[PDB]
Each structure stands twice: as C-alpha cells, then as structure tokens.
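Quick heads-up: the structure tokens below are two forms of one chain, split into structure 1 and structure 2.
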Structure 1
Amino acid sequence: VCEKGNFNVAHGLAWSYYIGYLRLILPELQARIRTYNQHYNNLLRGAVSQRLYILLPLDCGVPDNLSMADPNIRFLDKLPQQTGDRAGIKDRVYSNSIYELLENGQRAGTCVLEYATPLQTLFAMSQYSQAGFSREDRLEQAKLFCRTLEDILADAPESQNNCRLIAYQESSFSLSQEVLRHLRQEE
C-alpha cells in the first residue's frame, strides 16, 4: 500500500517500454520516415515529422483507435514495417501509423503518433482485484512511468531528436491541438 510499490510497478514498465521497443525502433525510425517522405509523400507542406510522438494520458485512458478520439486526427498510412526474431518468435513485427492533424478544415501537421501501450497495463491493474491497485495508485504510477521514461530517454543513445513524450490530463479537449502545439514548437 506504499509509493515504493507504485514506483517499482512503473519503473519496470518504463524499462520494459525502453528495452522491448524504443531502444529497438528509435535507431532506424528517421531512416523509415525519410524513406516514406522521399518515395511516398512529396507534399512540400505535408512531410512526416522526424520524431515518434508518444501520448501519455495521465488517467491511463488509452483508446485502441486514435483517429476516433478526434475528428481532426485522420489515419493516413503506415511507415515501412520493421521485423525481428524475438524470444523464439520468427519475424515479430514492429509497425508505426502516420496521422494527419486537421485544423480549420486544413492539414496542420503529419506525424508518427501512438499511445504508450504500457498505460493500458496500469489501467487494467487498477480495475482487476488480483492486481491490488487503486485509481490513486494508477495516477501515481502513470506520473512515475512518464518521469522514469524521460530520465531513460534523456541518457539513451538511441534517443537523438527522434522521440517526444506528450503528457496531458484528460469533451472540450482536442488531442490534435495538444499534438500540433508540440509539433509547431519543433520547427
């Protein structure tokens, strides 16, 4: 019933997110985006941004369909896939989805956008009795996850201007506006 427990849970999930995904995809991400831009997206104001944008809703409410969370977020395409032999599974697949961000009926941005999948584990553990966690535990673990992940990425050699965390609290809220603000701060 302590924070040390809320800390250990988030610490492990943040490391898992780095070890099993970010350290493996971030190094070839900008090649994949550059490839996409050069070959399949010659739109001079429509280029896919060079960073993976990771949505960290602090209530850990993660829809599976991002486009449905905002009429102004439209699925556009997938990057070229990346495969790996992982833990005795041949060709485990790593894929990333490109979204268009609309504003005043116009395209305002294009980016690789996704929620941090591990927040779904923090939500489930808040909902399942066997896991033994309260909403207040979930909110603490979500904050500790984002902080651990930032500290990890700040020192990680695979993170070099290719990743951006978007943490926010969540009706009146536009997720596209939340991402557009971060995107527009890049260039």
Structure 2
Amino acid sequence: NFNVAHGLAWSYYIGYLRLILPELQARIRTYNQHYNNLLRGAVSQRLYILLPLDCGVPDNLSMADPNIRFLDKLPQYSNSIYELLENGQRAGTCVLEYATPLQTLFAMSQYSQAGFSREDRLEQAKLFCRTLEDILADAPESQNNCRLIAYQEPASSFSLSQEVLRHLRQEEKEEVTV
C-alpha cells in the first residue's frame, strides 16, 4: 500500500548493483596489486554502501566526515576509493558509495504534492534497507561482494569514519578466520 521503497530497492539492485558488482572484485584485485606495492596496504574487496536514514547524500564524502578523504578512482559508471583517517593516520581503505535512491526519498519529502512527510521518509528509508538486504541475501555473487551500512546520525557527535572502520575491521576478521 504505497511503499515506494519496494520499487526503489528492486530498481537499485536490478539496474545498478547486479550490473557493476560481478567484476568489482576483479577491478579491486587488479588495483590491489599496486596499493600493496605502493603503500603497503590493501583495498577492501567489498563495495560499501552508505545508507544514512536521514536520506542526506552530500556531494563529497569529506563534507559528511573530514576523516574520509578521497584517495583514488578505481581504474576499472564511476567508483571511488576512500581512505579513512584516525588521528591523521590512514586506518582503512575502501570503495565507498551512498545509495542513490535515498536522494529520491529526500526529494519526495521536499515535494509538496507527494504528501510525503519526514516521518514517511524515515519509514521508507528503513524499508529500503530491509528490502535491499533481503534481495542481496537471495543473490549469489552480489551479497558476497558488497555490504550495507545503515545508521541514523543522532540529534550530536557522530563519526561516519568510525562506523565504516568497525565494518572494515569486521570484514577482515572474517577473511582470516573463515
């Protein structure tokens, strides 16, 4: 009954994730030869998808957290590698991306004829997370190479960099134990 998130999630997977994920690991593997050689680091293998529940998608990641600095472009329509800073030290490296459909939810909430409120936007943002999560679960070489980071920035200290970092560190713990 009027749930826009359902089609937004399906569309985001069918029209985008399913197309770009399969080779993303190859792309990152090809790249990681040089990062290991050049900077004695490795870029995580998964695509990290930022799902802020305020549907707030900035144009630069650095505007949302200065500890997230653009690093490089995955050479491989366009994917970017970011470094995560702690105390000015590089703590992690990451192909990182806002889920675009959340801008549609924000735009709908500023569009008066939709009758879509801020409370409606937040419920749709959660449902979009739940739905995309279910879709990836039933997908074979999609769930394995990307992970979803959903968070409400609070009402107000919040480190998006630390929230990505606990995930990056978790992913690595899984690679080496299992």
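Numbers follow structure 1, counted from its first residue as 1. Only the largest set of C-alpha atoms that superpose within 1.5 Å between the two forms is called the rigid core.
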_Can you tell me which of these residues, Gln120, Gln30, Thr148, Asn41, is the one whose C-alpha shifts by at least 2 angstroms between the two structures after a rigid core fit?_
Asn41
*Once the two forms are fitted on their rigid core, how many angstrom does the CA of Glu158 move between the two structures?*
3.0
*Having superposed the rigid core, state how many Å the Cα of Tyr53 shifts between the two structures.*
0.4
*Give me the C-alpha shift of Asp70 between the two structures, core superposed, in Å.*
1.4
